[PDB]
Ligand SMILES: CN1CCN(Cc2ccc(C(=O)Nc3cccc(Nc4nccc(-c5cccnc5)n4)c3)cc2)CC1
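In the block that follows, a single chain appears as structure tokens, in the form solved without the named molecule.
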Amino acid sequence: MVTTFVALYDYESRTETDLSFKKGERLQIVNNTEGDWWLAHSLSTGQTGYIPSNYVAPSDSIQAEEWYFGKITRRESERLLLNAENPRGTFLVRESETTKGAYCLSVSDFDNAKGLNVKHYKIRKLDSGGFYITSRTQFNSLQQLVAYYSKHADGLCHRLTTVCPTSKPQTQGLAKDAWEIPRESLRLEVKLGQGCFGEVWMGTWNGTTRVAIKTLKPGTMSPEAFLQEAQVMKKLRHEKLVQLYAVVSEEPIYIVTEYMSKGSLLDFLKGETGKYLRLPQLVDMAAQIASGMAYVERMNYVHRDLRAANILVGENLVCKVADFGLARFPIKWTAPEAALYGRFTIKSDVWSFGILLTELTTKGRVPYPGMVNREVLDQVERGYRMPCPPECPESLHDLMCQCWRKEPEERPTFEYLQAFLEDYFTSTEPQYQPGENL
């Protein structure tokens, strides 16, 4: 039939042909084919229009439930669950990444020895159609398991109390078929930064939506070579990359992306924000950046300008790779063969990541302290490399030295760097609570 969907978040209208809704509103949708915007009809308000498809789930599905987070990893479930204000027994249900087919109940806990921690309980999918954590207490569905452990601890660490708070996500695109937008639809209001290609502003699209807008001085790039680059970038879709929403293509080129108010990593390492970062948090930020770049690597594309100034920070120490060097002077981050011969590859990005690692372990200090752009290039071509920073572990510097091999083909992959940094204090995230309480 017409499928009835339930809204998972509020959504405010942006254009003349999309549809406002509130969390829990049921919407009829006839063609729910894979896509980013669907045509909906509300049976509450009678109103019609396009809605972002990641804001709804089929009524009566496990995806319609507030506590089902789906394809989130153990890392990222712990990022949300370890938010220090939410009480003992805050929880979510997700898929297991250790064992295919199986689910996982992740619950915040607290102990006098270990403090605030997260416990993970394997939810067995009985091959005949049931669910359990222990085989003495079985359930027909995940929602009966959760209804149950909300009243009874019964071998869990805590009774399930509060549904894990998440933030309402981005839509994919600003609107159904919005890409090349008119300059009039953008209001540049607040200055975020200035660069060697353009300015970065905070503004609004259509009066309604917060966006970030990056401008590029005319002459940087012919709009055609730019537009070809921007649609490659538009195809990229990852939790650890900033989304490119829209573009003003004529000259002066605008690039419209997701605004992130906490700002750059570079500014975040410094001062009041960066005085609460310890090694564990800095290694966590590096691992997220490596995740984003591992996707870029998988997608056979290139950043060309990776550094802490081009990483943006979100809630719970989220880091996203931003400002792709689509128009490619940060010579201190540029691989020798990239600066000398114009050879920008995923391998020159690996070099830049090594330089970004010294920024993360030095509270944001500038690379090659006391060298100028010309000095660095000639010193680096001689084989010079920054020494291990004070307060940086020798094994993180060993990682930097692998990133800084002279030959691009001896530099490791972003898959390797992600694995290394996710495993650093030992982890692909393997620890489940056994079945042996009351």
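In this text, residue numbers run from 1 along the sequence as written.
Absent from the display: the form solved in complex with the named molecule. The rest refers to it.
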query	finding
Ligand-site call, the named molecule overlaid in the deposited bound form, backbone or C-beta contacts under 2.4 Å, 3+ atoms	blocked
Answer range among 136-144, 256-264, 177-185, 70-78 for contact with the named molecule, defined in the deposited bound form as heavy atoms within 4.5 Å	256-264
Distance check, residue 193 to the named molecule in the deposited bound form, heavy atom within 4.5 Å	yes
Exercise: residue 238 in contact with the named molecule in the deposited bound form, heavy atom 4.5 Å	no
Residue 93, heavy atom within 4.5 angstroms of the named molecule in the deposited bound form	no
Interface membership of residue 294, the named molecule in the deposited bound form, 4.5 Å heavy atom rule	no
Proximity to the named molecule in the deposited bound form, single hit among 120, 214, 158, 332 (heavy atom within 4.5 Å)	214
Candidate from 339, 287, 200, 248 lying within 4.5 Å of the named molecule in the deposited bound form - any heavy atom	200
Any residue of 163-191 that, in the deposited bound form, places a heavy atom within 4.5 Å of the named molecule	none
